[PDB]
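Structural features, examined
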Amino acid sequence: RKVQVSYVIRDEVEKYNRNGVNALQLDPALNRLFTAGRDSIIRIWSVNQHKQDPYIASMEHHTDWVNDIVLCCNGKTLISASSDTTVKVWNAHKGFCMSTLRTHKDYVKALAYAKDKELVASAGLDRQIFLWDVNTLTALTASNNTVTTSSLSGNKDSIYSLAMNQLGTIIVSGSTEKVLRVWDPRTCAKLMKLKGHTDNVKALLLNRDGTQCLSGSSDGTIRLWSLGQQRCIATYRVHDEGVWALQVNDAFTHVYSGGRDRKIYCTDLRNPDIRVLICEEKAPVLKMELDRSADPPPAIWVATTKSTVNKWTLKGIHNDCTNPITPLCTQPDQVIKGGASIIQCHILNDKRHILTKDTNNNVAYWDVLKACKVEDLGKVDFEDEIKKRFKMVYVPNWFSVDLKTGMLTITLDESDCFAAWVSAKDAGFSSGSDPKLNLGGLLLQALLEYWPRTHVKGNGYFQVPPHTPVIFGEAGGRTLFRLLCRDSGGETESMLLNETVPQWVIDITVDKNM
Amino acid sequence: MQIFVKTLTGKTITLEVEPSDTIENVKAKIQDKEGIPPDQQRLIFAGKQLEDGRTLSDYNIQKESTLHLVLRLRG
Amino acid sequence: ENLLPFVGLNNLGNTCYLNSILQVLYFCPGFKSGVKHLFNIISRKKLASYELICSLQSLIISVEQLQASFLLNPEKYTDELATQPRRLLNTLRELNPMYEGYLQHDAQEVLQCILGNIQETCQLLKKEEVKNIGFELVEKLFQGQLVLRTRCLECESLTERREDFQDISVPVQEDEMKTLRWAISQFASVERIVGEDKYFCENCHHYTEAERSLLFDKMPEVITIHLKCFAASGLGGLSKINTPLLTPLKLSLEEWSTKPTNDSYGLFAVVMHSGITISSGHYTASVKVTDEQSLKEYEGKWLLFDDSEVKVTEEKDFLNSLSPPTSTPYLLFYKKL
Ligand SMILES: [Zn+2]
């Protein structure tokens, strides 16, 4: 369809999450925690209570929410699922992206993993479920090795969760259709339809031999299923609002649940009515990852809509009450600190500067043309600061801003990218002459300044920061190709740019003509 | 802001607008999405039919406000 | 020769759009009594909305008098029994100059203009009285309270908007036969918003999938159903849909209500349009007699008002023409039982 150019205004290193965390993976051999950030960055942390700075690395390739991650191959390989419609394959030890799968056509929401087959599956809002052989994915070229997919059909609505068993013999999807759908991943054959839930199902777990399934649903219930009988064998109503996250011990006898009501419970499957409040988190729980160092898990890591990630200890579980008031725990055992998200954005009348407000009520002033921050203004009044900087000037709209990652993402579209002519003098530039500059055209040239095909470097008036992410996407989300501005001179990047840069950008950046 | 529009089939579509946008802008955005001429459109908000020349803030239309699209069955 | 005691309405030059809804308003339960009360308040205290109330009382009395003139000695009249509503047309021309001339117009649009102006009168007289039931006229007869629920499927936050409504804008076909149950469900039932048209969750700060539902909260005495008997392709470009819905006699909005009720509504009036295009056509009305003076030979039958003309059609014979043709339904009026 119609191809948009975007870029992110940010620092070269974003040490802290800038948004909530969608998913968690624990490498037990290296004591490393992976977080899948809503800020589009995956980060590796050390979980040694020794280290003063648990940050290890950021893995920067996605353009939107990272919704799920799966550590494969004894921690060598990470696979990620994002709202940018892609699945990416990472070297988890060195922290770089190796391949990008683009078979999904909407937000990819869930990943599933069959350890014994090195099989992963992806599913999203497009109602598709693709199956991927992990050993098959490392494809350097089209002759030595083309990656191939296999997919399942039947989902009548957007898929929100997905699980496989360890043996890779059962796969289950959860969706807004309120039925769980089951296939054999080996044959892609439909096996059964599990009916019972009255709302979306965002959490799924299978036991080791794929004979029982636990589902967590926005209707507030947890349901246990027998796959041999194709029926529900127990329903648990331990939450007040939607259940979004489930974990289970190795024995498949205690289930840990969390969701919108922020409360996290451990409930015994053999005696449902006895449930224990482990803690109440500070924000809706999105995902939980048990620490499995010991059979009775010593701790549980919890991801929420906040940028902080808390580890809660479990030492002291040996109750009676069905609706406990007092949480078992009150303070996290470890805390990985997060940063603020930009939650409000106003484009000024000059169509050049932006005022932001973040979750700390801090206000900043940015230069869209130079792709950078200008000054932090502290905790001033946001609307009073807007009215204070009002200038009676009209410039046609020529970009759009989005806050989906918590950082500033600027998008250019062919329809209005070239709408804003300004004079060199009023834009603060100097060569001398004072001709008329097109803002979108100069920016496009700065974004592709390192692309050799644009040479005869840059636009002659300003540069963007070299680390600026440059994104080529389809209208309404779907990323085609993403690179950093400085990397355009690469052999891989120049080939991929030639394949992805739309002719309406080529016109300005290559042919040098409006 | 994002407003809702109930089309002739009963299907809801979203429109990105601003409070200072005139009703003519909204009808032109519906023409972009539904191919219906603006002079042939009739838009109801909470029982009140919108008039050209006025803006969305004149009718106190906010985010998640629903406009109902109909036509003029002249007889 | 076989003349009827019910009064028609002269066509003054493409004014069947006005005559159709006026004949429906006359037969609405509280309308006649209500405009008399609003006339009696303006007659005490005190142009614009006041003139519209007087014009409405001028016509209603003119219709009531002409019927009494016929019931006294019907041998005075031959093959016609109708009155002209010129004062109401002139005030409407002053309220909206589009009604000037003699062009064709939408019946729903003129009903909205009349009811909306009467309500402005009620609210203007509420202020002039309180500064020093009647003014509840439009609100208890035709107007209802709607509840539009939007639920982000990401965070499951459910926001709400209360909007008033006087009719229920309803689709006729999808783009074999669709019932009215289907059609109201297209309006009110859950509608998932997905794909290249995603809801923007301000809490999530992200485009998300959403579930939208509309619920009826406060319901009035008359439920108006406004059918969208037309569609567009983009090819003047627009077209009428001649095939209508399967129209029931009894209606209940319990399944789309905010709270369980046992209120059932009964169809009593239908406004129809005849023509292949939207640009022009012919409006008529059809009204069922229900509930007081010796005229009970007709109770249960359907009177058809075609401008100055008026017929009596049978319950079964009219009901067949209402569903799949000649004229096609455009408005449906139900009333509480
Ligand atoms: Zn949300």
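Counting of residues restarts from 1 for each chain and follows the sequence as written, so the numbers need not equal those of the entry; residues with no coordinates are not shown. To label them, take the chains in the order written and letter them from A, then take the ligands in the order written and number them from 1. Excluding hydrogens and water, the side-chain values take into account all heavy atoms of the structure.

As stated in the entry header, the method of structure determination is X-ray crystallography and the reported resolution is 3.2000 Å.

By definition, any uninterrupted DSSP run of H or I lasting at least four residues is a helix, any uninterrupted run of E lasting at least two residues is a strand, and each is numbered from the N terminus. In terms of regular secondary structure, chain C is built from 8 helices and 18 strands. Overall, chain C is about 75 × 55 × 45 Å in size when its C-alpha atoms are taken along their principal axes. Only protein chains enter the accessibility calculation, which uses a 1.4 Å probe. A residue is then buried if its area is under 20% of the maximum for its type, exposed if over 50%, and partly exposed in between. When the 337 residues of chain C are sorted by exposure, 53% land in the buried category. For chain C, the accessible area works out to roughly 15700 Å², and carbon and sulfur atoms hold 48% of it. Just so you know, the count uses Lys and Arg for positive and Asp and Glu for negative, and it drops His and the chain ends. Every charge is mapped to an atom, namely NZ of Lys, CZ of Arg, CG of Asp or CD of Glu. With 34 positive and 45 negative side-chain charges, chain C shows a separation of 6 Å between the mean positions of the two kinds. Methods summary: accessible areas were calculated by the Shrake-Rupley approach with a probe of 1.4 Å, and residue burial reflects only the protein chains presented.

Attention now moves to unusual backbone geometry. If you check the backbone angles, A:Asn31 has positive phi at about 55° while not being a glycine. Given the relative accessible area of 35%, A:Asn31 is considered partly exposed. A positive phi is found at C:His205, a non-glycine position, where the angle reads about 60°. Within the secondary structure, C:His205 sits in the loop between β7 (199–201) and β8 (206–208). Here C:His205 falls in the partly exposed class, since its relative accessible area comes to 21%.

With that settled, consider the sheet that holds strand β3 (residues 144–152) of chain C. Residues and elements named next belong to chain C. The rule for pairing is simple: two strands pair if DSSP sees at least two bridges between them. Reading across the sheet, the 4 strands line up as β4-β3-β9-β6 and stay open at both edges, with antiparallel pairing between neighbours. The open sheet has two edge strands with one neighbour each: β4 (158–165) and β6 (191–193). Each strand of the sheet is rotated relative to its neighbour by a mean of 25°, with strand direction disregarded. With 7 bridges joining them, β3 and strand β9 (residues 210–216) adopt antiparallel strand pairing. Orientation is described by lines fitted to C-alpha atoms, with helices fitted over the stretch in contact, and by angles between N-to-C directions that extend from 0 to 180 degrees.

In this analysis, rings of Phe, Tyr and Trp, with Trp reduced to its six-membered ring, are considered paired at centre separations within 6.5 Å, and the interplanar angle assigns stacked below 30 degrees, edge-to-face beyond 60, and tilted for intermediate values. The final tally for this structure, using the stated rule, is 19 aromatic pairs over all chains. Here the aromatic rings of C:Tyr17 and C:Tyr99 are separated by 5.9 Å at their centres, their planes lie at 15°, and the arrangement is stacked. C:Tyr99 matches C:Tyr17 in its accessibility class, with the two residues each being buried. Members of the aromatic cluster, joined through ring pairs, are A:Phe429, A:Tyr461 and A:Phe462. Whether a charge lies above a ring is judged from NZ of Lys or CZ of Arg, which has to be within 6 Å of the ring centre and within 35 degrees of the ring normal. The ring of A:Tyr365 carries A:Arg389 above its face, with NZ or CZ at 4.5 Å from the centroid.

Glancing now at the coordination of the zinc ion. Residue and element names in this part refer to chain C. For the zinc ion, every protein donor is listed as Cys152 (SG), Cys155 (SG), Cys201 (SG) and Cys204 (SG), and the spread of their distances is 2.1 to 2.2 Å. Donor atoms (N, O, S) are those found within 2.8 Å of the metal centre, with the cutoff raised to 3.2 Å for Na, K and Ca; water is not part of the atom list, so apparent gaps in a site can occur. Square planar and octahedral assignments, for four and six donors respectively, both demand that opposite donors be over 155 degrees apart and that all other angles lie between 65 and 115; tetrahedral needs four donors with all angles between 85 and 135 degrees, and anything else is irregular. Given 4 donor atoms and angles of 100 to 121° at the metal, the environment of the zinc ion is assigned as tetrahedral. Each member of the pair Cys201 and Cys204 is classed as buried.

Two residues form a contact once any of their heavy atoms are found within 4.5 Å. Between chain B and chain C, the residue contacts involve 36 residues of the former and 48 residues of the latter. Summed over both partners, the accessible area lost on bringing two parts together, with a 1.4 Å probe, is the buried area. Between chain B and chain C, a total of about 3500 Å² is buried, with carbon and sulfur atoms accounting for 52% of that surface. Here a salt bridge means any side-chain nitrogen of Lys or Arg lying within 4 Å of a carboxyl oxygen belonging to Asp or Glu. Counting across the interface, chain B meets chain C through 4 salt bridges. With a shortest N-O distance of 3.7 Å, B:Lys33 and C:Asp197 are connected by a salt bridge. Pairing of N or O atoms within 3.5 Å defines a polar contact, subject to two protein rules: one partner must be a possible hydrogen donor and the other a possible acceptor, and residues neighboring in sequence count only if both atoms are side-chain atoms. Joining chain B to chain C, the criterion identifies 24 residue pairs in polar contact. Those elements that provide at least two residues to the side of chain B that touches chain C are β1 (2–6), β2 (12–16), β3 (42–45) and β5 (66–70) of chain B.

What follows is about helix α4 (residues 491–500) of chain A. All names here are of chain A. Of all the positions in α4, only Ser494, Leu497 and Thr500 are classed as buried. Looking straight down α4, one finds its buried side chains confined to an arc of 135°; they lie on one side. Residues of α4 that are exposed and point more than 90 degrees away from the buried face comprise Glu491 and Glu499. Check the buried side of α4 and you find it contacts β1 (3–9), β38 (469–474) and β39 (479–484). Note that the arc is computed from the directions linking the helix axis to the C-beta atoms.

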